[PDB]
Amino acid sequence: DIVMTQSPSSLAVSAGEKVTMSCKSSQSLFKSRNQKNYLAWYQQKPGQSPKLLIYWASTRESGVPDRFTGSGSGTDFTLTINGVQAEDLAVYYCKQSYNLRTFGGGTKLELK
């Protein structure tokens, strides 16, 4: 079964800063056949409906601000928010969709 590990569990920066967080997978999520990573990032603001941010490691979902960038491939991924807004307070989850689906433990983004 695929293990999805996110670091750190929690972090805080000030409005307007850049942050990055890590997501690692126990197994490569890339298929050579269609050149896709089966890895997506989600945002769940506290107490509400999650939202899709990024799919295929680096493709930003329609509607999502270009603040958000996903990068990496294989087993190693990161989400970068270039200029954090108050709206961004949330837990960010990476999720493998290579074999069924499994979410990581999340990284809670707090604001200072």
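A residue's number is simply how far along the shown sequence it sits, counting from 1.
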36-44 versus 78-86: which one carries the higher mean Cα B factor per the record?
78-86
Averaging CA B factors per stretch from the PDB record, which one is higher: 94-102 or 17-25?
17-25
Relative to the other modelled residues in the chain, which third contains the C-alpha temperature factor of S71: lowest, middle or highest?
lowest
Based on the entry's values, in what third of the chain does the Cα temperature factor of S49 lie: lowest, middle or highest?
highest
